[PDB]
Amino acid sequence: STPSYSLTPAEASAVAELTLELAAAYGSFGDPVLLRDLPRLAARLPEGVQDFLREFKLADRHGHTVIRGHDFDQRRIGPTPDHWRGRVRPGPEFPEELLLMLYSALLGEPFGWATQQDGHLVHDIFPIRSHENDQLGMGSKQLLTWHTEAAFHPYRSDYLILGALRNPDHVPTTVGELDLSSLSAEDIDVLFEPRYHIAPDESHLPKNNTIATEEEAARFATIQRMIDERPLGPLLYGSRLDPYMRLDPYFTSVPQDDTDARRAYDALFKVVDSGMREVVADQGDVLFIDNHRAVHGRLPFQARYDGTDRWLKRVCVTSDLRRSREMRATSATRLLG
């Protein structure tokens, strides 16, 4: 099936030790020196773990992989919080967040969305009672149906890194890839063509934010133009033999009169749906998603709200930070918005 790496207890221990040393040496993520040193620091990780991610990145074949067996010290980490707002930064789980930042530097550059949890590079995935009814990360009861992250956005993540601090009930993440053998050459061709409209989530709508001041007008200008012009785009791209995809069923409009587009899209939708895997990121697992080769989602679960709930950390990764310069306030900031 899809490769994973299981850490020996020695490797788990060397990672944990690195991670505590760095938490203590660096103050927060607000320290620009940390961001600068990341790739050099990620080269102190066990070499087998660095070779493995590098092969995964370079092979550009599997849509996800997992590194299992980290030691995430429960007593040190503490209770799953009630909310992301108002916590002291960094929390006692700072070593785990640093972990994920080191991994993100092996794969490219960590970045974040200005609208998402105040733009924390490593963000939180846990149940907030007040968000109980919503379809998202901090949700619970609602099925989070599968999708490419920010499918419509030309600067969407290349990879996503999910780190499970706890998952007492073993609640799986859904991830699914494209079995191309299942699609007709006719359907593929159609899917490669600019025929499909992919709509922004509300979170990316520009009229969300500060209407005036030239800066912020120029910065949303590309997304505005996209809303105003509704250009059609492909669902499949890269190589015909092994294509990338971006599929967000909920926000995709197949134009009514394009009979060929509809036929191929249903083909594509059905293949990806029936290929969907449940992947359990247990405590001490880190899940890597290739945003160009897999969709992901999450199953509903009952939350307790007592500090014992599932708690994942998440980092968005770009292979090319400069590409998005137009959507960033400064050269230095890693936040779009």
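Position 1 is the first residue in the sequence shown; the rest follow in order.
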On mean C-alpha B-factor from the PDB entry, just flag whether 214-222 or 196-204 is the higher one. 214-222
As the entry reports it, the stretch among 297-305 and 31-39 with higher mean C-alpha B factor is 297-305
In terms of CA temperature factor as recorded, identify the highest of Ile289, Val49, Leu58, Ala281. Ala281
Out of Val175, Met138, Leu99, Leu191, which residue has the highest Cα temperature factor in the PDB record? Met138
Of the three thirds of the chain ranked by Cα temperature factor, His153 occupies the middle
The third of the chain into which the C-alpha temperature factor of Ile161 falls is the lowest
On the chain's distribution of Cα B-factors, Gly91 falls within the third called middle
Among the chain's modelled residues, which third holds the C-alpha B-factor of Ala105? lowest
Is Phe111 in the lowest, middle or highest third of its chain when residues are ranked by C-alpha B-factor? lowest
